[PDB]
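Asks: Pasting a structure below so you can have a look.
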Amino acid sequence: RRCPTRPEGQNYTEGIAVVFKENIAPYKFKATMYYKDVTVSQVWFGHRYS
Amino acid sequence: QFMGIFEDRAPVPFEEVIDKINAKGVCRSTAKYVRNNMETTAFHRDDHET
């Protein structure tokens, strides 16, 4: 019989790759906060205590 | 100068919900509610109920 031969063989192309995934990490940056804590306290001064 | 700002959230009574808000589309200008085991009333703009 005429039996088959080896397959054609995959034609493989060498190369370099970079694989990118979806970015879920937040964009981070250094900020600076200027503010003023205003604390006003009302005290009742008793005879012995406050 | 601000010497204190008491900010609270009072519930809206049922009869003020069905009769006033859901029906007429308006809300009372005085908040009557129980807080810290006492019945308190807040009149908006230190004025009459509206």
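By convention in this document, the chains of the structure tokens carry letters A, B, ... by their order, each chain's residues are numbered from 1, and ligands are numbered from 1 in the order they are shown.
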Show me, as a list in words, the residues that have an atom within 6 Å of residue 30 (chain B) when counting only C-alpha atoms, minus same-chain residues fewer than 3 positions from it.
Replies: residues 42, 43, 44 and 49 of chain B
Asks: Wanna dump the chain A-chain B contacts at 12 Å for me, each residue with its shortest atom pair and the distance in Å to one decimal, counting only C-alpha atoms, ordered by chain and number, as a Markdown table?
Replies:
```
| residue | atom | partner | partner_atom | distance |
| --- | --- | --- | --- | --- |
| A:38 | CA | B:2 | CA | 10.0 |
| A:39 | CA | B:3 | CA | 9.2 |
| A:40 | CA | B:3 | CA | 6.5 |
| A:41 | CA | B:3 | CA | 8.2 |
| A:42 | CA | B:3 | CA | 8.4 |
```
Asks: Can you measure CA of residue 46 (chain B) to CA of residue 28 (chain B) for me? One decimal in Å is fine.
Replies: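 Atom-to-atom, CA of residue 46 (chain B) to CA of residue 28 (chain B), that is 13.7 Å.
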Asks: Got a sec: who's within 12 Å of residue 27 (chain B), counting only C-alpha atoms, leaving out chain neighbours fewer than 4 positions off, as a tab-separated table (two decimals) with N, CA, C and O atoms, in the first residue's frame?
Replies:
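Dumped everything to result-v5.tsv:
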```tsv
chain	number	residue	atom	x	y	z
B	12	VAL	N	-37.50	60.72	59.48
B	12	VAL	CA	-38.74	61.34	59.03
B	12	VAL	C	-39.88	60.43	59.45
B	12	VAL	O	-39.89	59.26	59.09
B	13	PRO	N	-40.87	60.92	60.21
B	13	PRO	CA	-41.96	60.08	60.65
B	13	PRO	C	-42.75	59.52	59.47
B	13	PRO	O	-42.77	60.08	58.38
B	14	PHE	N	-43.44	58.40	59.73
B	14	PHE	CA	-44.23	57.75	58.70
B	14	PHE	C	-45.28	58.70	58.13
B	14	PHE	O	-45.44	58.83	56.93
B	15	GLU	N	-46.05	59.34	59.01
B	15	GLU	CA	-47.14	60.18	58.55
B	15	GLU	C	-46.60	61.37	57.75
B	15	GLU	O	-47.35	62.00	57.01
B	16	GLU	N	-45.34	61.74	57.97
B	16	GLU	CA	-44.70	62.77	57.15
B	16	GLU	C	-44.17	62.19	55.83
B	16	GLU	O	-43.88	62.94	54.91
B	17	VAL	N	-44.06	60.87	55.73
B	17	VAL	CA	-43.62	60.25	54.49
B	17	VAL	C	-44.79	60.06	53.54
B	17	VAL	O	-44.78	60.58	52.43
B	18	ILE	N	-45.83	59.32	53.96
B	18	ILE	CA	-46.90	58.96	53.05
B	18	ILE	C	-47.75	60.17	52.70
B	18	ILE	O	-48.10	60.40	51.54
B	19	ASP	N	-48.09	60.97	53.71
B	19	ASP	CA	-49.01	62.08	53.50
B	19	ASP	C	-48.33	63.26	52.82
B	19	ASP	O	-48.95	63.93	51.98
B	20	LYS	N	-47.08	63.54	53.16
B	20	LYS	CA	-46.41	64.76	52.73
B	20	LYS	C	-45.48	64.54	51.55
B	20	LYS	O	-45.65	65.16	50.50
B	21	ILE	N	-44.49	63.66	51.69
B	21	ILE	CA	-43.46	63.55	50.67
B	21	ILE	C	-43.97	62.75	49.47
B	21	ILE	O	-43.86	63.19	48.33
B	22	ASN	N	-44.54	61.57	49.71
B	22	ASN	CA	-44.98	60.72	48.62
B	22	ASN	C	-46.21	61.30	47.93
B	22	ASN	O	-46.38	61.12	46.73
B	23	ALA	N	-47.07	62.02	48.67
B	23	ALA	CA	-48.29	62.53	48.08
B	23	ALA	C	-48.11	63.96	47.55
B	23	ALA	O	-48.28	64.21	46.36
B	31	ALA	N	-38.16	69.16	62.41
B	31	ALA	CA	-37.80	67.77	62.64
B	31	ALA	C	-38.12	67.44	64.10
B	31	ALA	O	-37.50	67.99	65.02
B	44	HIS	N	-36.56	74.79	61.57
B	44	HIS	CA	-35.63	75.33	60.59
B	44	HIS	C	-35.65	76.84	60.58
B	44	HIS	O	-36.72	77.44	60.65
B	49	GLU	N	-43.36	76.19	61.59
B	49	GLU	CA	-43.41	75.00	60.76
B	49	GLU	C	-43.95	75.36	59.38
B	49	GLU	O	-44.91	76.11	59.25
B	50	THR	N	-43.33	74.79	58.35
B	50	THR	CA	-43.69	75.08	56.97
B	50	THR	C	-43.44	73.84	56.12
B	50	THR	O	-42.62	73.00	56.47
```
Asks: What gap, in Å, lies between CA of residue 40 (chain B) and CA of residue 43 (chain A)?
Replies: 24.5 Å
Asks: Would you please give, as a list in words, all residues of chain B that DSSP assigns to helix (DSSP H, G or I) based on the backbone?
Replies: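 So the helix (DSSP H, G or I) residues in chain B would be residues 14, 15, 16, 17, 18, 19, 20, 21, 22, 23, 24, 44, 45 and 46 of chain B.
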Asks: Suppose we keep N, CA, C and O atoms; can you now write the selection as an mmCIF file, in the first residue's frame?
Replies:
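As a result, result.cif now contains:
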```cif
data_model
loop_
_atom_site.group_PDB
_atom_site.id
_atom_site.type_symbol
_atom_site.label_atom_id
_atom_site.label_comp_id
_atom_site.auth_asym_id
_atom_site.auth_seq_id
_atom_site.Cartn_x
_atom_site.Cartn_y
_atom_site.Cartn_z
ATOM 1 N N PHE B 14 -43.442 58.399 59.727
ATOM 2 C CA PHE B 14 -44.231 57.754 58.702
ATOM 3 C C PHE B 14 -45.283 58.701 58.134
ATOM 4 O O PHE B 14 -45.437 58.828 56.928
ATOM 5 N N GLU B 15 -46.053 59.336 59.011
ATOM 6 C CA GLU B 15 -47.142 60.183 58.554
ATOM 7 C C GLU B 15 -46.605 61.367 57.754
ATOM 8 O O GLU B 15 -47.353 61.997 57.007
ATOM 9 N N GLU B 16 -45.337 61.738 57.971
ATOM 10 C CA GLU B 16 -44.698 62.767 57.154
ATOM 11 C C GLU B 16 -44.175 62.191 55.831
ATOM 12 O O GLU B 16 -43.878 62.938 54.912
ATOM 13 N N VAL B 17 -44.059 60.874 55.726
ATOM 14 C CA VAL B 17 -43.620 60.254 54.492
ATOM 15 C C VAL B 17 -44.795 60.056 53.544
ATOM 16 O O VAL B 17 -44.776 60.579 52.428
ATOM 17 N N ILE B 18 -45.827 59.320 53.961
ATOM 18 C CA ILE B 18 -46.895 58.957 53.051
ATOM 19 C C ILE B 18 -47.754 60.170 52.702
ATOM 20 O O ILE B 18 -48.096 60.401 51.545
ATOM 21 N N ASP B 19 -48.094 60.971 53.707
ATOM 22 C CA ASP B 19 -49.012 62.079 53.496
ATOM 23 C C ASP B 19 -48.334 63.264 52.816
ATOM 24 O O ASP B 19 -48.946 63.930 51.982
ATOM 25 N N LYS B 20 -47.075 63.540 53.165
ATOM 26 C CA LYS B 20 -46.414 64.760 52.735
ATOM 27 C C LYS B 20 -45.480 64.536 51.547
ATOM 28 O O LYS B 20 -45.649 65.164 50.497
ATOM 29 N N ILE B 21 -44.493 63.657 51.686
ATOM 30 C CA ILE B 21 -43.464 63.546 50.668
ATOM 31 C C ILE B 21 -43.974 62.751 49.474
ATOM 32 O O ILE B 21 -43.863 63.187 48.331
ATOM 33 N N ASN B 22 -44.535 61.565 49.715
ATOM 34 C CA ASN B 22 -44.975 60.715 48.622
ATOM 35 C C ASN B 22 -46.208 61.305 47.932
ATOM 36 O O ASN B 22 -46.384 61.122 46.729
ATOM 37 N N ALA B 23 -47.066 62.015 48.671
ATOM 38 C CA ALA B 23 -48.289 62.535 48.078
ATOM 39 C C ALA B 23 -48.113 63.962 47.545
ATOM 40 O O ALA B 23 -48.278 64.210 46.356
ATOM 41 N N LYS B 24 -47.779 64.908 48.418
ATOM 42 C CA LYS B 24 -47.701 66.313 48.037
ATOM 43 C C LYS B 24 -46.343 66.703 47.453
ATOM 44 O O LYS B 24 -46.230 67.774 46.871
ATOM 45 N N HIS B 44 -36.555 74.793 61.572
ATOM 46 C CA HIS B 44 -35.628 75.326 60.585
ATOM 47 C C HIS B 44 -35.651 76.839 60.583
ATOM 48 O O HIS B 44 -36.720 77.444 60.651
ATOM 49 N N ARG B 45 -34.476 77.454 60.517
ATOM 50 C CA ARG B 45 -34.402 78.907 60.461
ATOM 51 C C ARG B 45 -35.102 79.547 61.647
ATOM 52 O O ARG B 45 -35.635 80.649 61.529
ATOM 53 N N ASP B 46 -35.103 78.866 62.788
ATOM 54 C CA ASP B 46 -35.739 79.409 63.981
ATOM 55 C C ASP B 46 -37.045 80.080 63.604
ATOM 56 O O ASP B 46 -37.267 81.244 63.935
#
```
Asks: From a DSSP pass on the backbone, collect the residues of chain B flagged as strand (DSSP E) and hand them back as JSON, numbers by chain.
Replies: {"B": [30, 31, 32, 33, 34, 35, 38, 39, 40, 41, 42, 43]}
Asks: Would you mind exporting the chosen residues as a short mmCIF file (atom, residue, chain, number, x, y, z; two decimals), in the first residue's frame, restricted to N, CA and C atoms?
Replies:
```cif
data_model
loop_
_atom_site.label_atom_id
_atom_site.label_comp_id
_atom_site.auth_asym_id
_atom_site.auth_seq_id
_atom_site.Cartn_x
_atom_site.Cartn_y
_atom_site.Cartn_z
N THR B 30 -39.87 71.28 60.21
CA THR B 30 -39.48 71.01 61.59
C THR B 30 -39.27 69.51 61.75
N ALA B 31 -38.16 69.16 62.41
CA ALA B 31 -37.80 67.77 62.64
C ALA B 31 -38.12 67.44 64.10
N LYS B 32 -39.09 66.55 64.29
CA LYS B 32 -39.46 66.10 65.62
C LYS B 32 -39.06 64.64 65.72
N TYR B 33 -38.20 64.31 66.69
CA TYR B 33 -37.65 62.97 66.76
C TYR B 33 -37.16 62.69 68.17
N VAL B 34 -36.98 61.40 68.45
CA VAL B 34 -36.48 60.97 69.75
C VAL B 34 -34.98 60.71 69.63
N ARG B 35 -34.20 61.41 70.46
CA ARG B 35 -32.76 61.27 70.48
C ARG B 35 -32.30 61.25 71.92
N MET B 38 -34.97 61.50 74.69
CA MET B 38 -35.73 62.71 74.91
C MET B 38 -36.31 63.15 73.58
N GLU B 39 -37.53 63.69 73.64
CA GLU B 39 -38.26 64.12 72.46
C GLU B 39 -37.80 65.54 72.12
N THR B 40 -37.12 65.66 70.98
CA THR B 40 -36.54 66.94 70.57
C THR B 40 -37.15 67.41 69.26
N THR B 41 -37.29 68.74 69.17
CA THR B 41 -37.83 69.39 68.00
C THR B 41 -36.82 70.43 67.52
N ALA B 42 -36.56 70.41 66.21
CA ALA B 42 -35.70 71.40 65.58
C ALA B 42 -36.53 72.17 64.56
N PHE B 43 -36.61 73.49 64.74
CA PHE B 43 -37.33 74.35 63.83
C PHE B 43 -36.35 74.99 62.87
#
```
